[PDB]
Amino acid sequence: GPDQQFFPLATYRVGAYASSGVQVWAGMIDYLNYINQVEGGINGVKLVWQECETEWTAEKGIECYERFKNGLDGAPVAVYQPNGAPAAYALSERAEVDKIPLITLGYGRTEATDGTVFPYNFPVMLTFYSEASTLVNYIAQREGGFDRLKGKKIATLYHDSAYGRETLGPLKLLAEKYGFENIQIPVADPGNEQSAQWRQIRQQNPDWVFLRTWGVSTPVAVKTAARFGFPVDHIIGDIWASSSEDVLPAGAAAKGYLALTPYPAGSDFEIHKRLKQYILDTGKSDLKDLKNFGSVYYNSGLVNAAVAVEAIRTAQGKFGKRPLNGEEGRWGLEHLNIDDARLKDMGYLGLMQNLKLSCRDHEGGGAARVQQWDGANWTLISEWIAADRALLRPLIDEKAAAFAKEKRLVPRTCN
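Take any residue in the sequence shown, note its place counting from 1, add 26, and you have its number in the deposited numbering.
Written as structure tokens, this is what we have:
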């Protein structure tokens, strides 16, 4: 058991979000199962995992972290994924003290992109800052070039929360550069009522709506848009508004709806067929219902698990075929270099983007794909759209420095 590498799993199987959550965990588990049985673990090192119920709350999330941070029956922790924004936010400072890398895929502190200020916090693959850039870059691709953005209107309809306000900075910057009208429209919690917002949108008739709602406000946004006659295929959802469950309640009013994703739905990727061949057909897999096997939730589990696995694998290249430290796990993360060649090997070519992290860059990705909803299924309608991360970097540097000043931290020198 100490000979194995511990993979802590902070999961929720109770409450309103259990239905979606179980699809995510099943993705992580099946991929972990696959690595053990088909590749004999990671370079010979077997993987052991255990679940702790977090009930989607920060209070229990924190208790799970404290239960796991020391390992399981000897097996140490290399990386930790709280799977929860409130838990992740609360854990950041004590994770640094314990030298345990926090991974938040597509969420978390955007300023933690700067690993000189956030040594053990990794908002991997896509931050909301980068998402803004990719959103704009896709618009530009659709309008015929960045020149065409001048004279365009882009409205952002956002849940009034830290999550919704995150894109205020980058969208303002991008609007100054490319000259599109930057319309920012808040939606108060819970967001059951949106008539004023969509009345405004019909009046202003923007060319695109960047939909950054969450939970209940997302199907309502779509339903209301159709009511006010705004064309739904001019609406592009946040990655956290890109699920079937986000749009199914809206019924046929959601036909044509666009959404961004770092892990597109689909059960026809290379890795997915290996899963069917090995754990699905053999009835080994955690998923109760096979009907969600390419669901976006399931695929986030696959990508979430693969990132950690590659990080571990990367670090073994300097620490040998053995269970790893969080301090070593941090080294692996910061040296992640996922190629297209590498993606082809593990079969994540269409599913996961390239990753190149550094001490300076704990994001390492910044791309997304666009998929379209027809009322029943998603359809990929774009390649990977890369963000202009160089353009946004001063905002990140500024934000991380303010934090380092406030918390009185000495930034790591990676020069």
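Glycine residues also receive a C-beta, built at the ideal position from the N, C-alpha and C atoms.
N-terminal and C-terminal residue of the alpha helix (DSSP H) that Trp-51 is part of = For the purposes of this step, residue 51 is identified with residue 25 of the sequence shown, where counting begins at 1. Here the alpha helix (DSSP H) through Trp-51 covers 44-64.
Just tell me which of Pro-149, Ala-114, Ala-430 has its CA closest to the CA of residue 26.
-> Absent from the model: residue 26. The displayed extent of the chain is 27 to 441, so no value can be given.
Within its chain, find whatever has a CB closer than 6 Å to the CB of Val-162; leave out the 5 residues flanking it on each side and keep chain order.
-> Translated into the one-based positions of the sequence shown, residue 162 becomes position 136. Closer than 6 Å at Cβ, skipping near neighbours: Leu-200.
Can you grab the Cα-Cα spacing for the pair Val-246 / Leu-98, in whole Å?
-> For the purposes of this step, residue 246 is identified with residue 220 of the sequence shown, where counting begins at 1. For the purposes of this step, residue 98 is identified with residue 72 of the sequence shown, where counting begins at 1. Straight-line Cα distance between these residues: approximately 44 Å.
Count the other CB atoms within 10 Å of the CB of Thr-250; is the residue buried (16 or more) or exposed (fewer)?
-> Indexing the sequence shown from 1 puts residue 250 at position 224. Buried, by the Cβ-count rule.
Please report the residue range of the alpha helix (DSSP H) in which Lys-203 lies.
-> Within the sequence shown, the letter at position 177 stands for residue 203. Here the alpha helix (DSSP H) through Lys-203 covers 194-204.
For the beta strand (DSSP E) that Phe-32 lies in, which residues bound it at each end?
-> Position 6 of the sequence shown, counted from the start, is the residue given in the question as residue 32. That run of the beta strand (DSSP E) goes 31-37.
Same chain, Cβ closer than 6 Å to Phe-254, neighbours up to 5 away in sequence not counted | Here residue 254 corresponds to residue number 228 of the sequence shown, with the count starting at 1. Result list for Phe-254: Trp-224, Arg-228, in chain order.
Minimum length 3: unbroken beta strand (DSSP E) runs contained in the region 64-106 = 73-79
Which one of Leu-197, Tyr-115, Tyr-204, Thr-182 has the shortest CA to CA distance from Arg-174?
-> Start at 1 with the first residue of the sequence shown, and residue 174 comes out as number 148. Among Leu-197, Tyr-115, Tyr-204, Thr-182, the Cα nearest to that of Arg-174 is on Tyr-204.
Figure out for me which residue from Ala-428, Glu-360, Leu-313 has the closest Cα to the Cα of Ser-46.
-> Reading the sequence shown from its first residue, position 20 is the one you call residue 46. Of the listed residues, the one whose Cα sits closest to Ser-46 is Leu-313.
Is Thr-142 closer than 8 Å to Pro-437 when the C-beta atoms are compared?
-> As a first step, residue 437 is located in the sequence shown; it is residue number 411 there, counting from the start. As a first step, residue 142 is located in the sequence shown; it is residue number 116 there, counting from the start. A contact, by the Cβ cut-off of 8 Å.
Nearest-angstrom Cα distance between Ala-276 and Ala-166?
-> On the sequence shown, position 250 is the one that residue 276 refers to. On the sequence shown, position 140 is the one that residue 166 refers to. Each residue's Cα considered, the two are about 28 Å apart.
Are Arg-368 and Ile-68 touching if we call contact CB-CB under 8 Å?
-> In the sequence shown, the residue the question calls residue 368 occupies position 342. In the sequence shown, the residue the question calls residue 68 occupies position 42. Cβ atoms of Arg-368 and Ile-68: not closer than 8 Å.
By how many angstroms is the C-alpha of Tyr-133 removed from the C-alpha of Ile-422?
-> The count along the sequence shown starts at 1 and reaches residue 422 at position 396. The count along the sequence shown starts at 1 and reaches residue 133 at position 107. About 15 Å.
With 16 other CB atoms within 10 Å as the buried threshold, where does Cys-90 fall?
-> As a first step, residue 90 is located in the sequence shown; it is residue number 64 there, counting from the start. It counts as buried.
Is it true that the region 324-331 meets the region 47-55, where meeting means three or more beta-carbon pairs spaced less than 8 Å apart?
-> yes
Roughly how many angstroms lie between the CA atoms of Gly-241 and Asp-233, to the nearest whole one?
-> Here residue 241 refers to the residue found at position 215 of the sequence shown. Here residue 233 refers to the residue found at position 207 of the sequence shown. Cα-Cα distance, rounded: 25 Å.
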